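Some notes on the structure that comes next.
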Amino acid sequence: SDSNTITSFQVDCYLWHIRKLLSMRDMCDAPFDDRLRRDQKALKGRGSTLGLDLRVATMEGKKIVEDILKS
Amino acid sequence: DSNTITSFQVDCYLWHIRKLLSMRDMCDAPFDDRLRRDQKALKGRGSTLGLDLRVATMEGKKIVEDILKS
RNA sequence: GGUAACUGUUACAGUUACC
RNA sequence: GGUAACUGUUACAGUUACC
């Protein structure tokens with residue numbers, strides 16, 4: 001598999017999770033929710049294409065983001 | 001509108017995180033394509049709202065850290 | 001339209017913010 | 001109606017992953 005393809009998917013999953021948290025707290029505007037919906041479907045399609053569980057990918061993306069932010 | 005401003009500040013900080021991934025050469029070409037699209041989009045939204053991008057990015061960082069704290 | 005995701009340019013319908 | 005961003009749809013041209 002292509003490493004940067006996987007990494008990009010895992011990071012994208014984690015940042016979708018962060019955006020969803022904002023929406024769940026009623027702190028985002030309507031276009032932000034529209035993009036959340038578009039990206040939600042896109043990540044499901046990418047996960048199916050790569051054969052990856054979305055929850056596992058999210059946790060991996062969390063660790064990647066945390067590792068970069070710490071440096 | 002507070003939710004409009006909050007969404008912009010968060011989007012600014014999340015763009016910053018994505019750009020750091022790109023600068024480490026850890027991302028794929030479509031990820032970079034979206035980074036360029038969103039750079040243009042945020043410039044337009046920042047102009048429309050009258051908000052400084054550096055300051056909004058710092059405020060987005062605080063918001064993101066606060067909602068994650070829970 | 002190979003599957004999936006996306007980008008640039010264009011149009012329409014619409015959403016949100018602002019006037 | 002306008003400015004900006006976006007969502008859906010569409011036209012043209014592309015990018016990446018997939019032995």
Side-chain angles (χ1 to χ4, degrees), chain A residues 2-24 26-62 64-69 71, chain B residues 1-23 25-39 41-42 44-49 51-58 60-61 63-65 67-70:
Chain A
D2 178 66
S3 181
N4 281 11
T5 297
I6 306 302
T7 302
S8 293
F9 174 71
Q10 291 159 338
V11 169
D12 278 346
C13 284
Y14 180 54
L15 300 185
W16 187 94
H17 172 85
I18 295 180
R19 292 148 66 201
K20 177 64 175 173
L21 292 180
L22 188 76
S23 171
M24 290 187 280
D26 294 310
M27 290 170 63
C28 74
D29 63 12
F32 186 101
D33 267 336
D34 287 340
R35 299 190 285 279
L36 213 36
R37 273 189 307 105
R38 182 225 175 140
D39 289 346
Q40 167 194 346
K41 296 179 295 203
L43 287 170
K44 290 193 186 163
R46 288 162 68 189
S48 163
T49 299
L50 299 164
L52 296 175
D53 180 273
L54 276 35
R55 203 180 272 96
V56 171
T58 299
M59 271 146 28
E60 306 276 17
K62 179 174 179 274
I64 292 158
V65 172
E66 288 184 342
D67 282 340
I68 292 188
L69 284 181
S71 325
Chain B
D1 174 56
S2 51
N3 279 14
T4 294
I5 293 184
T6 301
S7 300
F8 175 75
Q9 297 164 326
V10 163
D11 279 348
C12 279
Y13 181 58
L14 297 185
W15 186 94
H16 173 85
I17 294 167
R18 292 155 59 199
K19 177 62 166 176
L20 294 162
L21 190 75
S22 181
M23 299 192 279
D25 312 309
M26 284 176 72
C27 80
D28 60 15
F31 188 100
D32 267 333
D33 285 341
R34 297 188 284 280
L35 214 30
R36 277 184 285 277
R37 151 202 92 182
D38 291 345
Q39 182 184 45
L42 287 170
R45 296 166 61 190
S47 184
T48 294
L49 293 169
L51 299 175
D52 175 81
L53 293 154
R54 166 186 170 267
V55 169
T57 298
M58 288 306 107
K61 180 179 198 267
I63 290 161
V64 166
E65 292 176 0
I67 64 185
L68 289 170
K69 277 180 201 320
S70 321

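All chains are named by letter (A, B, ...) in the order of the sequence lines, taking the proteins before the strands, and each is independently numbered beginning at 1. Note that these values count all heavy atoms, side chains included, but never hydrogens, waters or copies made by symmetry.
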Is there a side chain to side chain contact (heavy atoms under 4.5 Å, CB included) between B/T48 and B/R45 once you walk through the steps?
-> CA-CA 5 Å; B/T48 294; B/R45 296 166 61 190; 5.5 Å; no

Closest non-hydrogen contact found for B/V55 with B/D52 is N-OD2, 2.8 Å

pair A/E60-A/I6: side-chain heavy atoms closer than 4.5 Å | no

Using a 4.5 Å cut-off on heavy atoms from C-beta on, say whether the side chain of A/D29 contacts that of B/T6.
-> no

Any A/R35 side-chain heavy atom under 4.5 Å of A/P31 side chain | yes

List the steps and the verdict of side chain to side chain contact (heavy atoms under 4.5 Å, CB included) for B/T57 and B/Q9.
-> CA-CA 6 Å; B/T57 298; B/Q9 297 164 326; over 6 Å; no

Do the non-hydrogen side-chain atoms of B/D11 and B/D38 ever get within less than 4.5 Å of each other?
-> no

Min side-chain heavy-atom separation A/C28-B/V10 under 4.5 Å = no

Between the main-chain N or O of A/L36 and the side-chain N or O of A/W16, is there a donor-acceptor pair closer than 3.5 Å?
-> yes

Residue pair B/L51 / B/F8, side-chain heavy-atom distance below 4.5 Å = yes

A/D34 side chain near A/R37 side chain, heavy-atom distance below 4.5 Å = yes

Hey, does the side chain of B/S22 reach the backbone of B/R18 with a donor-acceptor pair shorter than 3.5 angstrom?
-> no

Can you measure from NE2 (A/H17) to CG (A/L22) and round to the nearest 0.5 angstrom?
-> 12.0 Å

Could you walk me through whether B/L20 and B/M23 pass the side chain to side chain contact (heavy atoms under 4.5 Å, CB included) check?
-> CA-CA 5 Å; B/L20 294 162; B/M23 299 192 279; 3.5 Å; yes

Between the side chain of B/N3 and the main-chain N/O of A/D26, is any donor-acceptor distance below 3.5 Å?
-> yes

Reported CD-to-CG distance for the pair B/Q39 and B/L53, which is rounded to 0.5 angstrom | 9.5 Å

Backbone N/O of B/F31 and side chain of A/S8: donor-acceptor pair under 3.5 Å = no

Going from CG on B/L68 to NZ on A/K62, what distance comes out if it is rounded to the nearest 0.5 angstrom?
-> 8.5 Å

With side chains defined as the heavy atoms from C-beta onward, is the minimum distance between A/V65 and A/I18 less than 4.5 Å?
-> no

